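Only one chain is included here, represented as structure tokens and corresponding to the form deposited in one PDB entry.
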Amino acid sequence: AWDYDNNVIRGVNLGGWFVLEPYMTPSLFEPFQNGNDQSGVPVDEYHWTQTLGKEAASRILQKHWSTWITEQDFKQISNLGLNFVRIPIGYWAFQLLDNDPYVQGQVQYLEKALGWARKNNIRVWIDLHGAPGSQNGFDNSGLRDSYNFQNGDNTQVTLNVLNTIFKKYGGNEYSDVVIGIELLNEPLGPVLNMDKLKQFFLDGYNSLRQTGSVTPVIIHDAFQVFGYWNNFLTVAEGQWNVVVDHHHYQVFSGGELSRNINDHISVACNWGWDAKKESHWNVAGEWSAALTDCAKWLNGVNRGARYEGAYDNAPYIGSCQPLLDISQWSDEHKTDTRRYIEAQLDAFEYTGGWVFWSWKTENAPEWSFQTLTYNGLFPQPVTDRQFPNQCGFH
């Protein structure tokens, strides 16, 4: 359904749909705010569903699930020149642990989305974005500040959920739409046992193939250096149809944020040069236009921004207020952003392609493909260049 050697992935993530992220849909979290006090806002989906109870959580999510992404967005994605979508989903859509507060029902919408993808000639990756116990402690895993994916039976339950995803979506029914099943989004390499993580990856790889599936297995890089996975899941060991997913951003640390625009572009070009050297097919599964960490709650509910020196002990760079609204952006920030997007697009098209995070946000412009495209900051057509050849690839 896809030629990783010849075609280039040009997609967007359908984030904030099946896994709630506070910075993407702040209106679902804001009702819990007491005036200016943010101490009572649930910090993740786990706490959001627990605080609401099953009845209200199901009513609010059914409304979110049915309106956040619909068939019209798939038509729009296709009309903009995109050929792929990445769909994050948490383990709770398939199985609940005893005492889990999550509600189900996401599957019905996942299946509707696969038919919309088919109708619009869009290919997809199904991404297991959150595992039981949390694989990274991020709010996008469903459970913030916990790192227990490798404790107790959490790894085995993840494998059972993947077996379900393998039997339903890795067979012949969706062979023309599904071009990858991503085993686990962002396992936080530095706090996990890497040997157990590789064993988990190998177990998922073997389990999928054992079902008769030929679907590409996508492994996230677990924040390891470029080339680290060169010797794992290789054709020399009879392991094939494997893709490495790299996520790239330059706003999650004081050092990265302080770079001038030329240095940000140099780093983006370098991502293109180093990925070219890897031996596995690779795709930049997540990246954005963000040059700051100013979007409200991007670092998590009740956490400020490093950009204005209000978090993770970073120095003050500038005020975030003026960057919250794209209509207030200075002419220089608009040019810097377009330059940054074009450098990234060239670097990722140098290898397997790219998937922007994300299609839409309620009001965070740096993270919304729709908003940037409508304001002329994201090239349209996507091959358009106002700043051609900033990297000099050969």
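For every residue, the number given is its place in the sequence shown, counted from 1.
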What stretch has the higher average Cα B-factor here, 165-173 or 244-252?
-> 165-173
Taking only the CA atoms, which stretch has the higher mean B-factor in the record, 260-268 or 68-76?
-> 68-76
What's the residue among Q344, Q328, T361, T49 with the greatest CA temperature factor in the PDB record?
-> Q328
Check the PDB entry and point out which of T25, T383, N13, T371 has the largest C-alpha temperature factor.
-> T383
Mind checking which third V355 falls in for C-alpha B-factor across the chain?
-> lowest
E332: CA temperature factor from the record, placed by chain third, in the highest
What third of the chain, by the recorded C-alpha B-factor, contains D274?
-> highest
Would you mind checking where the Cα B-factor of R209 ranks among the modelled residues of its chain, as the lowest, middle or highest third?
-> middle
Ranked by Cα temperature factor within the chain, is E55 in the lowest third, the middle third or the highest third?
-> highest
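As for the form deposited with a small molecule bound, it is not shown, yet the points below apply to it.
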Proximity of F378 to the small molecule in the deposited complex, heavy atoms at 4.5 Å = no
Do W357 and the small molecule come within 4.5 Å of each other in the deposited complex, heavy atoms counted?
-> yes
Contact flag, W273 vs the small molecule in the deposited complex, heavy atom cut 4.5 Å | no
So in the deposited complex, does any heavy atom of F348 sit within 4.5 Å of the small molecule?
-> no
Pick the stretch from 113-121, 161-169, 182-190, 68-76 whose residues have a heavy atom within 4.5 Å of the small molecule in the deposited complex.
-> 182-190
